[PDB]
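The data block below is entry.csv; it holds CSV, N, CA and C atoms.
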chain,number,residue,atom,x,y,z
H,1,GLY,N,-7.1,-10.3,1.2
H,1,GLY,CA,-6.9,-8.8,1.1
H,1,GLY,C,-5.8,-8.4,0.2
H,2,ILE,N,-5.8,-7.2,-0.3
H,2,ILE,CA,-4.8,-6.7,-1.2
H,2,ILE,C,-3.5,-6.3,-0.4
H,3,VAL,N,-3.7,-5.5,0.7
H,3,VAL,CA,-2.5,-5.1,1.6
H,3,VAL,C,-2.1,-6.3,2.4
H,4,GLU,N,-1.7,-7.4,1.8
H,4,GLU,CA,-1.2,-8.6,2.5
H,4,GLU,C,0.1,-8.4,3.2
H,5,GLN,N,1.2,-8.9,2.7
H,5,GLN,CA,2.5,-8.8,3.3
H,5,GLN,C,2.8,-7.4,3.9
H,6,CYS,N,2.2,-6.4,3.3
H,6,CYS,CA,2.3,-5.0,3.7
H,6,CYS,C,1.9,-4.9,5.1
H,7,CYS,N,0.6,-4.8,5.3
H,7,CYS,CA,0.0,-4.6,6.6
H,7,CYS,C,0.3,-5.8,7.6
H,8,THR,N,0.9,-6.9,7.2
H,8,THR,CA,1.1,-8.0,8.0
H,8,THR,C,2.6,-8.1,8.3
H,9,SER,N,3.4,-8.1,7.3
H,9,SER,CA,4.9,-8.2,7.4
H,9,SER,C,5.6,-7.3,6.5
H,10,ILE,N,6.6,-7.8,5.8
H,10,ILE,CA,7.4,-7.0,4.8
H,10,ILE,C,6.6,-6.8,3.5
H,11,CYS,N,7.0,-5.9,2.7
H,11,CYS,CA,6.3,-5.7,1.4
H,11,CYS,C,7.1,-5.0,0.4
H,12,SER,N,6.5,-4.6,-0.7
H,12,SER,CA,7.1,-3.9,-1.8
H,12,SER,C,6.3,-2.6,-2.2
H,13,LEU,N,7.0,-1.6,-2.5
H,13,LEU,CA,6.4,-0.3,-2.9
H,13,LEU,C,5.6,-0.5,-4.2
H,14,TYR,N,6.1,-1.1,-5.2
H,14,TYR,CA,5.4,-1.4,-6.5
H,14,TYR,C,4.0,-2.0,-6.2
H,15,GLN,N,4.0,-2.7,-5.1
H,15,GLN,CA,2.7,-3.4,-4.7
H,15,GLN,C,1.7,-2.3,-4.2
H,16,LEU,N,2.2,-1.2,-3.7
H,16,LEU,CA,1.3,-0.2,-3.2
H,16,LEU,C,0.6,0.5,-4.4
H,17,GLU,N,1.4,0.7,-5.5
H,17,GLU,CA,0.8,1.3,-6.7
H,17,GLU,C,-0.3,0.5,-7.2
H,18,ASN,N,-0.3,-0.8,-7.1
H,18,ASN,CA,-1.4,-1.7,-7.6
H,18,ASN,C,-2.7,-1.3,-7.0
H,19,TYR,N,-2.7,-1.0,-5.7
H,19,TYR,CA,-3.9,-0.7,-4.9
H,19,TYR,C,-4.5,0.6,-5.5
H,20,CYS,N,-3.7,1.5,-5.9
H,20,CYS,CA,-4.2,2.8,-6.5
H,20,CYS,C,-5.2,2.5,-7.7
H,21,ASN,N,-6.1,3.5,-7.9
H,21,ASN,CA,-7.1,3.4,-8.9
H,21,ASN,C,-8.0,4.6,-8.9
I,1,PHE,N,12.7,1.3,-0.7
I,1,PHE,CA,13.5,2.4,0.0
I,1,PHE,C,13.6,2.1,1.5
I,2,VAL,N,13.0,0.9,2.0
I,2,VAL,CA,13.0,0.6,3.4
I,2,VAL,C,12.8,-1.0,3.5
I,3,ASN,N,12.0,-1.5,2.7
I,3,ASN,CA,11.7,-3.0,2.8
I,3,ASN,C,11.3,-3.4,4.2
I,4,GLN,N,10.3,-2.7,4.7
I,4,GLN,CA,9.8,-3.0,6.1
I,4,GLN,C,8.3,-3.2,6.0
I,5,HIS,N,7.7,-3.1,7.2
I,5,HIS,CA,6.2,-3.3,7.3
I,5,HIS,C,5.5,-2.2,6.6
I,6,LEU,N,4.4,-2.5,5.9
I,6,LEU,CA,3.6,-1.6,5.2
I,6,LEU,C,2.1,-1.7,5.7
I,7,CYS,N,1.8,-0.9,6.7
I,7,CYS,CA,0.5,-1.0,7.3
I,7,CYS,C,0.1,0.4,7.8
I,8,UNK,N,-1.2,0.6,7.9
I,8,UNK,CA,-1.8,1.9,8.3
I,8,UNK,C,-1.1,3.1,7.7
I,9,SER,N,-0.9,4.2,8.4
I,9,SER,CA,-0.3,5.4,7.9
I,9,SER,C,1.0,5.2,7.2
I,10,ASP,N,1.5,3.9,7.2
I,10,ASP,CA,2.8,3.6,6.6
I,10,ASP,C,2.5,3.1,5.2
I,11,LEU,N,1.7,2.1,5.1
I,11,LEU,CA,1.3,1.5,3.8
I,11,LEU,C,0.4,2.5,3.1
I,12,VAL,N,-0.2,3.4,4.0
I,12,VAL,CA,-1.0,4.5,3.5
I,12,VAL,C,-0.1,5.6,2.9
I,13,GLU,N,1.0,5.9,3.6
I,13,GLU,CA,2.0,6.9,3.2
I,13,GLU,C,2.3,6.6,1.8
I,14,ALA,N,2.8,5.4,1.5
I,14,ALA,CA,3.2,5.0,0.2
I,14,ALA,C,2.0,5.2,-0.7
I,15,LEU,N,1.0,4.4,-0.5
I,15,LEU,CA,-0.3,4.4,-1.3
I,15,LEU,C,-0.6,5.9,-1.7
I,16,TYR,N,-0.5,6.8,-0.8
I,16,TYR,CA,-0.8,8.2,-1.1
I,16,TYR,C,0.2,8.8,-2.1
I,17,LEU,N,1.5,8.6,-1.8
I,17,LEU,CA,2.5,9.2,-2.6
I,17,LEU,C,2.8,8.2,-3.8
I,18,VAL,N,2.3,7.0,-3.7
I,18,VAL,CA,2.5,6.0,-4.7
I,18,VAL,C,1.4,6.1,-5.7
I,19,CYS,N,0.2,6.0,-5.2
I,19,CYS,CA,-1.0,6.1,-6.1
I,19,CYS,C,-0.9,7.2,-7.1
I,20,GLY,N,-0.7,8.4,-6.5
I,20,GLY,CA,-0.6,9.6,-7.4
I,20,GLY,C,-1.7,10.6,-7.2
I,21,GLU,N,-2.2,10.8,-5.9
I,21,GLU,CA,-3.2,11.7,-5.6
I,21,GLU,C,-4.5,11.3,-6.3
I,22,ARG,N,-4.8,10.1,-6.5
I,22,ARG,CA,-5.9,9.6,-7.3
I,22,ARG,C,-6.8,8.7,-6.4
I,23,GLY,N,-6.7,8.8,-5.1
I,23,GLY,CA,-7.4,8.0,-4.2
I,23,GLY,C,-7.1,6.5,-4.4
I,24,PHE,N,-7.4,5.7,-3.3
I,24,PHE,CA,-7.2,4.3,-3.4
I,24,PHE,C,-8.1,3.5,-2.5
I,25,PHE,N,-7.9,2.2,-2.4
I,25,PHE,CA,-8.7,1.3,-1.6
I,25,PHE,C,-7.9,0.1,-1.2
I,26,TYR,N,-7.7,-0.1,0.0
I,26,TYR,CA,-6.9,-1.3,0.5
I,26,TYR,C,-7.7,-2.6,0.4
I,27,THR,N,-7.7,-3.3,1.5
I,27,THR,CA,-8.5,-4.6,1.5
I,27,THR,C,-10.0,-4.3,1.7
I,28,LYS,N,-10.4,-4.4,3.0
I,28,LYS,CA,-11.8,-4.1,3.4
I,28,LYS,C,-12.8,-4.6,2.3
I,29,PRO,N,-12.8,-5.9,2.0
I,29,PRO,CA,-13.7,-6.5,1.0
I,29,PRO,C,-15.2,-6.4,1.3
I,30,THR,N,-15.8,-5.3,0.9
I,30,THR,CA,-17.2,-5.0,1.1
I,30,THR,C,-17.5,-5.2,2.6
Go through the file and emit its structure as structure tokens.
Amino acid sequence: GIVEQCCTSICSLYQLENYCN
Amino acid sequence: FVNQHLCXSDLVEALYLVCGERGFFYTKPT
């Protein structure tokens, strides 16, 4: 999945932007 | 700005204010 470290553990904001489209 | 868990309305919160009001899509692979 895309929302890996995010929805599971720690993450990065710039990573959230990637999901956008 | 937090470096914490990013899930649901949290990871969503960002995604919404991060994406840019242009809709998005997390995992849910088909």
Neighbours of range 7-22 of chain I within 6.5 Å (only N, CA and C atoms; same-chain residues fewer than 2 positions away dropped), as a count of residues only?
9
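Atom N of residue 3 in chain I sits 22.2 Å away from atom C of residue 27 in chain I.
With CA of residue 30 in chain I on one side and CA of residue 14 in chain H on the other, the separation reads 24.1 Å.
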